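S.K.: Let me see the structure of the following:
(chains A, B, C, D, E, F, G and H)
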Amino acid sequence: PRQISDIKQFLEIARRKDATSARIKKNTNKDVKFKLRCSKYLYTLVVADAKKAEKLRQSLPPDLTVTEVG
Amino acid sequence: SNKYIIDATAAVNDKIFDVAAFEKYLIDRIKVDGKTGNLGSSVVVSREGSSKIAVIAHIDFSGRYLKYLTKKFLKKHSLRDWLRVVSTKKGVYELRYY
Amino acid sequence: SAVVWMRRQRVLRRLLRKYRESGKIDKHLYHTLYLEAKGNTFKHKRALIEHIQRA
Amino acid sequence: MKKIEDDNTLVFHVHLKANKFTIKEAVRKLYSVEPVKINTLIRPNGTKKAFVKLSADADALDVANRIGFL
Amino acid sequence: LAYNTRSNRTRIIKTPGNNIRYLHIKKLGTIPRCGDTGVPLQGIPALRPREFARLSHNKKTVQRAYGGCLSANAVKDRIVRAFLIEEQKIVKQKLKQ
Amino acid sequence: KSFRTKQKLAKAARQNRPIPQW
RNA sequence: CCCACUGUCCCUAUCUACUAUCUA
RNA sequence: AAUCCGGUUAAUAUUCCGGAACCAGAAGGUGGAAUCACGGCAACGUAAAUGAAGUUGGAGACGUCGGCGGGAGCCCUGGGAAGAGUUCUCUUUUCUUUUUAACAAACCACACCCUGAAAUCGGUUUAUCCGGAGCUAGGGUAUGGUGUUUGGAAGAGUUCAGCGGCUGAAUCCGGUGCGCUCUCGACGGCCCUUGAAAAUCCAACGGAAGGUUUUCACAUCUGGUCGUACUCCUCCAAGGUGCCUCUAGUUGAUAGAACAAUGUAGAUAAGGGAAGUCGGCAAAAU
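M.R.: Numbers count the residues shown, from 1 in each chain, chains lettered A, B, ... in the order given. Sharing the structure here:
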């Protein structure tokens, strides 16, 4: 599992066909974790501010079957 | 510094234990450094209203110590069967029945 | 006795090396002190301190 | 029956000389269904039993009904 | 695998289920050794012989003549010895001529 | 246990079988 | 050989468990 | 060559379920790279950077013992929290628990190089070892045993509270030791008989040949056959002071009733003390 710290590449790897599912985690630290399932690797991204987190919700393609907390 | 709260709303409602009795028991059994009444300025017991007992201490005060002190009075009153000490939250202790 | 000797020798060696690095004892003095300390000449750190002061 | 209802895997008693490759092609050609995992064991009586894990597209319960052993 | 042997080198680890389990750790790799001197070469990570294939070409050899098979000190000595021996052959040939 | 012994044990356990009632 | 010691003996006595015994 | 965790059965789990990885081989494709690549005095470094025949080198692959260093787990223990105690009083007290896997990321120290030329000998081991075959010192290079920060990952597990599966919380901060177990590193001996082989993988020299190559990155696919239940020379092994206790496992071995004589075993015995017997044999004495 590669920890991913670049939002833009998280966006492009989501648009690439290898992406299958995405999950959003809200921990107690008010941090949002974007977990993207790929063919072999689970790419995660940790963001700390909600407005960028929400902006990247709507920036994700609608075809991706995103899900909320587990 | 740290604040410890003991809730006695159920005890007051059921008349099992009174606020004055709890205050007297706390004052007479506060073993601050092994001496009763040695709370001083670091630790101060100030019960606001006749429904709770609050202690603000600048030094460590174990919640188990408060539970043990509460259990001693409960054992003295022989009401342990109908009254038990529970921890609703960190630094907060309450009395519950069966 | 082995445990006590091992701790004493390391403490004496560490103190002597620290003193040499601090400039309190020259290279010649440190070498002589290190050689002497191998035979348990100073059974306590105070004895080594007194020897250094007398030096 | 528990595996069919919960794990979506059928269970067959197969020929002792049948391997995982032939078992997959036999189930595909006989029941028009897609296995995705096959695990074979040999029973104490020296007869092969194969668990055929079906896809998510098809379900074990209907296929078992179509075979008739449900 | 009864009668535990050198192969069964197990290390105890604490699992997330609050359980102690033994994990089999394989033998550590050995860095390649210089052919002439016999001392291990510098710059080659010590991995398994099978795992050495996955590494890149530059990651297994040092960028020098006989790099990755002969040590630098041995390489310098071999280069110097060859030049001197060549000069002796040149000197001997001139004297014999 | 090979296939052979599995079949041998099965037939050994098939010999001591209660007689059919018909 | 001397000294000490003791149920080896004068001289046996008592206690305990097991055995022994009966019952199914 | 390559797998872990959690969950799951009346009986099977590194195999099944859920999640997360890894290895090997296969082709094309996409992006990047060189026209048979550069940098550094050097040890060497990097995303790449063709290498035929022929010729080598390395890993595999190598005795044993002792001490030291490192890490992990276990044991010990200080608090924090939770519950269960005990509690006329004393006892901030008693007991129990307090998890992070494979794997993937970034960083984190003895051998060598450069300056240097040394004894007035220095550095230094627990154990005096090395030094004009170039010390101490300064700057580097590589090897990373490890450690740091994460991802995995809390969504899991555990423990408390409840509600009717759901909802709350906590799952923390230490300190450590000739401790035990396992492993790694750096030494020091003893060797003598100086300490298996092969499969397998890698590299060097070499310079045949010429849109080409490309040992860089990414996607895509597959992994057969057999054993796997259960029973049992060998594995795992708590605390305190030969005993006692915890964890765990039994309470079975045909039973009952009476306790004379007999036999075995174990004791005590007044006075004498080997008078016993072929005899201090056995006991007590010490």
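
S.K.: Phi, psi for the residue nearest to residue D:41 when sequence neighbours are not counted please.
M.R.: With Cβ to Cβ, 6 or more residues apart in numbering or on different chains as the criterion, residue D:41 has its nearest non-adjacent residue at 5.5 Å, and that residue is residue D:49. (C-beta placed from N, C-alpha, C; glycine too.) The phi/psi pair for residue D:49 (degrees, to the nearest 10) reads phi -120, psi 130.

S.K.: Give the bridge partners for residue D:49, please.
M.R.: Taking DSSP bridges as the rule, residue D:49 bridges to residue D:13, residue D:41.

S.K.: For it, list the residues it contacts.
M.R.: D:11-14, D:40-43 (Cβ atoms under 8 Å, 6 or more residues apart in numbering or on different chains).

S.K.: Repeat the analysis, applying 6 Å as the threshold.
M.R.: By Cβ atoms under 6 Å, 6 or more residues apart in numbering or on different chains, the contact list for residue D:49 reads D:13, D:41, D:43.

S.K.: dump the residue contacts of the last one.
M.R.: Counting by Cβ under 6 Å, 6+ apart, residue D:43 touches residue D:49.

S.K.: Relative to residue D:18, how far out is it?
M.R.: According to Cβ to Cβ, to the nearest Å, residue D:43 and residue D:18 sit 14 Å apart.

S.K.: And for residue D:56?
M.R.: In terms of Cβ to Cβ, residue D:56 sits 25 Å off from residue D:18.

S.K.: Residue A:36 and residue A:22 touch, don't they?
M.R.: Yes. Counting by Cβ atoms under 6 Å, residue A:36 touches residue A:22, with 5.1 Å between them.

S.K.: Among those two, which residue is more densely surrounded?
M.R.: The residue with more neighbours, out of residue A:36 and residue A:22, is residue A:36; 23 against 19, by other Cβ atoms under 10 Å in any protein chain shown.

S.K.: For the more buried one, name its beta-bridge partners.
M.R.: residue A:22, residue A:43.

S.K.: Name all residues that make contact with the residue of chain B found nearest chain F.
M.R.: Per Cβ to the nearest Cβ, the residue of chain B with the smallest distance to chain F is residue B:87, at 58.7 Å. Contact partners of residue B:87, counting by Cβ under 6 Å, 6+ apart, are residue B:93.

S.K.: got the buried residues for the host helix or strand of it?
M.R.: Secondary structure assignment for residue B:87, by DSSP states H and E: strand B:84-89. Within strand B:84-89, the residues that count as buried by 16 or more other Cβ atoms under 10 Å in any protein chain shown are B:84-85.

S.K.: Pull the CA coordinates from the very next helix or strand once past it and hand them back as PDB.
M.R.: Per DSSP H and E, the first helix or strand lying C-terminal to strand B:84-89 is strand B:92-96. C-alpha atoms of strand B:92-96 as PDB (Å, rounded to 0.1, in the frame of the first residue of the first chain):
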ATOM      1  CA  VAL B  92     -16.500  11.200  36.200                       C
ATOM      2  CA  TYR B  93     -18.000   8.700  38.600                       C
ATOM      3  CA  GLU B  94     -21.700   8.000  39.200                       C
ATOM      4  CA  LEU B  95     -23.800   5.800  41.500                       C
ATOM      5  CA  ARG B  96     -26.100   3.200  39.900                       C
END
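
S.K.: So in that sheet, which strands flank strand B:92-96, and in what orientation?
M.R.: Applying DSSP bridges, one finds strand B:92-96 paired with strand B:2-7 (parallel), strand B:84-89 (antiparallel).

S.K.: and the gap between the closest residue to chain F within chain D and residue E:23?
M.R.: Nearest residue of chain D to chain F: residue D:46, at 3.4 Å (Cβ to the nearest Cβ). Computed as Cβ to Cβ, the residue D:46 to residue E:23 distance reads 36 Å.

S.K.: Same question for residue F:19.
M.R.: Counting by Cβ to Cβ, the gap from residue F:19 to residue E:23 is 56 Å.

S.K.: More neighbours: the two, which one.
M.R.: residue E:23 (10 against 5).

S.K.: can you pull the buried residues of stretch C:34-45?
M.R.: Buried residues in stretch C:34-45, counted by 16+ other Cβ under 10 Å: C:37, C:42.

S.K.: Ok, stretch B:61-75 next?
M.R.: The neighbour-count check on stretch B:61-75 (16+ other Cβ under 10 Å) flags B:61, B:66-67, B:69-70, B:73-74 as buried.

S.K.: RNA strand H versus the residue of chain A most remote from its centre, what's the distance?
M.R.: Centroid-distance maximum for chain A: residue A:28 at 17.8 Å, with Cα atoms, centre = their mean. According to Cβ to the nearest atom of the strand, to the nearest Å, residue A:28 and RNA strand H sit 8 Å apart.

S.K.: quick one: that residue and chain D, what's the gap?
M.R.: Relative to chain D, residue A:28 is positioned 35 Å away (Cβ to the nearest Cβ, to the nearest Å).

S.K.: now do residue A:11
M.R.: Taking Cβ to the nearest Cβ, one finds residue A:11 at 29 Å from chain D.

S.K.: so where does that residue fall, helix or strand?
M.R.: With DSSP H and E as the criterion, the answer for residue A:11 is helix A:7-15.

S.K.: what's around residue 16, how many residues?
M.R.: No chain in the question, so chain A it is. 9.

S.K.: Let me rephrase: I mean chain F.
M.R.: 6.

S.K.: Tell me which residues touch it, please.
M.R.: With contacts defined as Cβ under 6 Å, 6+ apart, residue F:16 has no neighbours.

S.K.: Quick one: classify the most centrally placed residue in chain D as helix, strand or coil.
M.R.: A centroid search over chain D (Cα atoms, centre = their mean) returns residue D:52, at 3.2 Å, as the residue closest to the centre. In three-state terms, and counting by DSSP: H, G, I helix; E, B strand; the rest coil, residue D:52 is strand.

S.K.: isn't it right next to residue D:35, touching?
M.R.: Yes. Residue D:52 is in contact with residue D:35 according to Cβ under 6 Å; the separation is 4.8 Å.
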